[PDB]
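Worksheet: one structure, shown below.
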RNA sequence: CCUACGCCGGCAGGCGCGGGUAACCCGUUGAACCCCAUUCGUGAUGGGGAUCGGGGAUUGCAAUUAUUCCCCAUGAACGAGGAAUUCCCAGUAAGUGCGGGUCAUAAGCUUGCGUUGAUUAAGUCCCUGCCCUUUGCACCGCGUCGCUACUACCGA
RNA sequence: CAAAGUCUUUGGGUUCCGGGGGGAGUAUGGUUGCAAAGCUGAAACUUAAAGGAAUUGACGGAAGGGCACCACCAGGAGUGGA
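Chains as they are written, first to last, in the working numbering: chain E, 8 to 68; chain Y, -13 to 178; chain V, -2 to 115.
Quick look at the structure:
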């Protein structure tokens, strides 16, 4: 399901050329499930993404 | 997917594309010692619109062409080809019985096996599946010459390693190698 | 899709392979296209043809006008060689089907390309 | 030799008449794109003008292998370009013209200037390179024959 | 290394045994053993090194960092097509 989600941060630029900006993710369903994901392109602190799904997450370890 | 009707047409109708593809096909045929000075049956792999396949017909060869693009095949239909055109992904295998073809030729196409977009097997698996099936569908002592565009030396080594493991022997011919604008890599192989 | 190509084509299913040849053939449409006659090429095709599979694909396409086993010679019998050229090189399937009898799948031939995808 | 102004040239150019040995005179350096109207209407067409045939005028000892410029006529390829690859962070790239320079004419070359004005990101070590730090050919499972000559064996 | 010391300032008694490296522990003979093999044990020829301790700088197919649009990414203009 379509999930809109708050941006908390920008951890690094993962990838091979500095191309996946690293984003801690709050949800907008008021749940504190703060999954850290990867985006492509510029995101500043306090933005809001459209996660296509919350099951598939970015790499921990 | 990469080509459409518009782009397939613009590629096949470009005089500069025609001339370069014709030169590389004739160079591949010169390197192909098994059809060179012999009649043969051939498989053209990544046949596109049949620019390489027409030049096989010029030397009197009978051929089957494999391509993954409908629009490249549809443009080939209107060019009075004598070969059989087949819609097919070379990375899934070569779908002929053992010992069918004297030789195989490919012009500008096998570097796409390093690409991981079309299917969800690894390029490494598809590359093995291509070379192992290609070895099988060839006669004993049959030849394969592939002009290809590698992005780097790791891609060249990976292609060489997969061909080696499949049972091929031979090497790499690099024409004009001091011009990285005009240099061309030809993989030249033979089966057991 | 020349008839000869039938003998060099098999089902792409990994489980049918390497038992997946020959495919059983039906043609909704056919054509004859003029091709140069080469007896030497026809005679040099014989040693690369699976003859048993050749007869079966001809039978499927409604033809028993074929020798029981492979043939041999100096190419001076134009009768049998012209009939082989007519069949192998000149008859083309435009529209038709290719059924594998082991996986059950039916592939199509359409203007005039055989397609071997899932 | 830079030109203004006037006269004569359908177009390149002549003829008379000054300033300027120079932020002055050319010079207010009066430009191109741009804009507003007109015509064309998606095709090898009026796009592209190459490729040439007739002339005309300058530069010069000397234009024939077209010096250059102008005026008719000619109108090919080219339908957004494959493999690969160059340059690119804000008055930037790109569109677009103006002056210097070998200099008799010679200018798609080079050397600045202005005008119109963008996209994208402000990251990284994968590819390309570049700079530092640390660290230290033993061996095993290529062969067949032929006739003649020569060395060393065994020997009826 | 407390003996691998008291050794050119060379002598306490006494047994075995080594003379470049290969050829070689092969031959051949004797001897023991049921046998495999053990003990003793050559030479022809070939080669200028084989070896023993310790001792240092280039390449890494070794690893980390760091920079650059004469690198990439996102993209623009393209060239390469006539």
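A virtual CB, placed ideally from N, CA and C, is assigned to each residue, including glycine.
* **Same chain, Cβ closer than 7 angstroms to residue 29 of chain V, neighbours up to 5 away in sequence not counted** => Residue 29 of chain V sits at position 32 when you count from the first residue of the third chain. In the same chain as residue 29 of chain V, and ignoring 5 residues on each side of it, the C-beta atoms closer than 7 angstroms to its own belong to 87, 88, in chain order.
* So, does the CB of residue 72 of chain Y fall closer than 9 angstroms to a CB anywhere in chain V? -> Counted from its first residue, the second chain places residue 72 of chain Y at position 86. With 9 angstroms as the cut-off, residue 72 of chain Y counts as an interface residue toward chain V.
* To do: Would you list the residues sitting across from residue 27 of chain V in a DSSP beta bridge?
  => Locating residue 27 of chain V in the third chain gives position 30, where the first residue counts as 1. Its beta-bridge partners are V/90.
* Asked: Hey, out of Y/90, Y/176, Y/-2, whose CA is closest to residue 65 of chain Y's CA?
  -> Position 79 of the second chain, counted from the first residue, corresponds to residue 65 of chain Y. Selected option, being the one with the closest Cα: Y/-2.
* Inspect the CB distances between the region 89 to 96 of chain Y and the region 7 to 24 of chain V and report whether three or more fall short of 8 angstroms. => Segment contact: the region 89 to 96 of chain Y against the region 7 to 24 of chain V, fewer than three CB-CB distances shorter than 8 angstroms; contact not assigned.
* Asked: Should the region 168 to 177 of chain Y be regarded as contacting the region 128 to 135 of chain Y, the criterion being three or more beta carbon pairs within less than 8 angstroms?
  -> Touching, yes, given that three or more Cβ pairs across the two stretches are closer than 8 angstroms.
* Please state whether DSSP places residue 24 of chain E in a helix, a strand or coil. => In the first chain, counting from the first residue as 1, residue 24 of chain E sits at position 17. Reduced to three states, the DSSP call for residue 24 of chain E is coil.
* Local Cβ density within 10 Å of residue 75 of chain V, reported as buried at 16 or more and exposed below that -> Start at 1 with the first residue of the third chain, and residue 75 of chain V comes out as number 78. With fewer than 16 other Cβ atoms within 10 Å, it is exposed.
* **the region 20 to 28 of chain Y contacting the region 48 to 58 of chain Y, beta-carbon criterion three pairs below 8 angstroms** => Contact between the region 20 to 28 of chain Y and the region 48 to 58 of chain Y is present, because at least three Cβ pairs lie under 8 angstroms.
* To do: Tell me whether residue 28 of chain E is buried or exposed, calling it buried when 16 or more other Cβ atoms sit within 10 Å of its Cβ.
  => By one-based count along the first chain, residue 28 of chain E stands at place 21. By the Cβ-count criterion, residue 28 of chain E is buried, with 16 or more other Cβ atoms from all chains shown falling within 10 Å of its own Cβ.
* Asked: Taking C-alpha atoms, which residue in V/11, V/111, V/43 lies nearest to residue 161 of chain V?
  -> Any answer about residue 161 of chain V is impossible in this case: the structure gives chain V only from -2 up to 115.
* To do: Measuring alpha carbon to alpha carbon, tell me which of V/103, V/15, V/6 ends up nearest residue 45 of chain V.
  => Within the third chain, numbered from 1, the residue matching residue 45 of chain V stands at position 48. Among V/103, V/15, V/6, the Cα nearest to that of residue 45 of chain V belongs to V/6.
* Asked: So what does DSSP say about residue 40 of chain V, is it helix, strand or coil?
  -> Position 43 of the third chain, counted from the first residue, corresponds to residue 40 of chain V. In the structure shown, residue 40 of chain V sits in a helix (DSSP, three-state: H, G or I).
* Thinking C-beta only, is residue -5 of chain Y closer than 9 angstroms to residue 57 of chain Y? -> Along the second chain, one-based indexing puts residue 57 of chain Y at 71. Along the second chain, one-based indexing puts residue -5 of chain Y at 9. A contact, by the Cβ cut-off of 9 angstroms.
* **Straight-line Cα distance separating residue 10 of chain V from residue 72 of chain Y** => If you number the second chain from 1, residue 72 of chain Y lands on position 86. If you number the third chain from 1, residue 10 of chain V lands on position 13. The alpha-carbon atoms of residue 72 of chain Y and residue 10 of chain V are separated by roughly 17 angstroms.
* Does any C-beta atom of chain Y lie closer than 9 angstroms to the C-beta of residue 111 of chain V? -> Here residue 111 of chain V corresponds to residue number 114 of the third chain, with the count starting at 1. With 9 angstroms as the cut-off, residue 111 of chain V counts as an interface residue toward chain Y.
* Take residue 118 of chain Y and list the residues in its own chain whose beta-carbon comes closer than 6 angstroms to its own, dropping the five residues that flank it on each side. => Indexing the second chain from 1 puts residue 118 of chain Y at position 132. Correct list, in chain order: 152.
* Asked: Can a CB atom of chain V be found closer than 9 angstroms to the CB of residue 175 of chain Y?
  -> Here residue 175 of chain Y refers to the residue found at position 189 of the second chain. Not an interface residue.
* Asked: In chain Y, what lies closer than 9 angstroms to residue 103 of chain V by C-beta?
  -> Stepping through the third chain from its first residue, residue 103 of chain V is reached at position 106. Near residue 103 of chain V there are no residues of chain Y at all, since even the closest Cβ is about 15 angstroms away, more than 9 angstroms.
* Give the residues of chain V in contact with residue 154 of chain Y, contact being defined as C-beta atoms less than 7 angstroms apart. => One-based indexing of the second chain puts residue 154 of chain Y at position 168. Per Cβ cutoff of 7 angstroms: no residues; residue 154 of chain Y is ~19 angstroms from chain V at best.
* To do: Could you check which residue in E/39, E/43, E/23, E/24 has the C-alpha nearest to that of residue 31 of chain E?
  => As a first step, residue 31 of chain E must be located in the first chain, where it is residue number 24. By alpha-carbon distance to residue 31 of chain E, the top candidate from E/39, E/43, E/23, E/24 is E/43.
* **Proximal chain Y residues relative to residue 100 of chain V, where beta-carbon distance stays under 8 angstroms** => As a working note, residue 100 of chain V is residue 103 in the third chain. The premise fails here: residue 100 of chain V is roughly 13 angstroms from chain Y at the closest Cβ pair, so nothing lies under 8 angstroms.
* Asked: Would you say residue 42 of chain V touches the ligand COA, meaning its beta carbon is less than 8 angstroms from a heavy atom?
  -> Although the ligand COA was asked about, the structure shown includes no ligands whatsoever.
* Asked: In three-state DSSP terms, what is residue 112 of chain Y?
  -> Numbered from its first residue, the second chain carries residue 112 of chain Y at position 126. In the three-state reduction of the DSSP assignment, residue 112 of chain Y falls in the helix class, which pools H, G and I.
* Do you know offhand how far residue 35 of chain E's Cα is from residue 25 of chain E's? -> In the first chain, the residue the question calls residue 35 of chain E occupies position 28. In the first chain, the residue the question calls residue 25 of chain E occupies position 18. Whole-angstrom Cα-Cα distance: 28 angstroms.
* **Contact set between the region 5 to 22 of chain V and chain Y, restricted to residues whose Cβ is under 9 angstroms from the partner** => Within the region 5 to 22 of chain V, the residues whose Cβ lies closer than 9 angstroms to some Cβ of chain Y are 5, 6, 7, 8, 9, 11, 14, 15, 17, 18, 19, listed in chain order.
* Beta-ladder partner(s) of residue 33 of chain E, from DSSP -> By 1-based counting over the first chain, the position of residue 33 of chain E is 26. Residue pairing of residue 33 of chain E in beta bridges, as defined by DSSP: E/13.
* What are the boundary residues of the beta strand (DSSP E) that residue 49 of chain Y is part of? -> Here the question's residue 49 of chain Y lines up with position 63 in the second chain. Here the beta strand (DSSP E) through residue 49 of chain Y covers 48 to 53.
* Asked: What are the partner residues of residue 106 of chain V, as DSSP defines its beta bridges?
  -> Start at 1 with the first residue of the third chain, and residue 106 of chain V comes out as number 109. Partner(s): V/93, V/111.
* To do: Using three-state DSSP, classify residue 100 of chain Y as helix, strand or coil.
  => Position 114 of the second chain holds residue 100 of chain Y. If DSSP states are grouped into helix, strand and coil, residue 100 of chain Y belongs with the helices.
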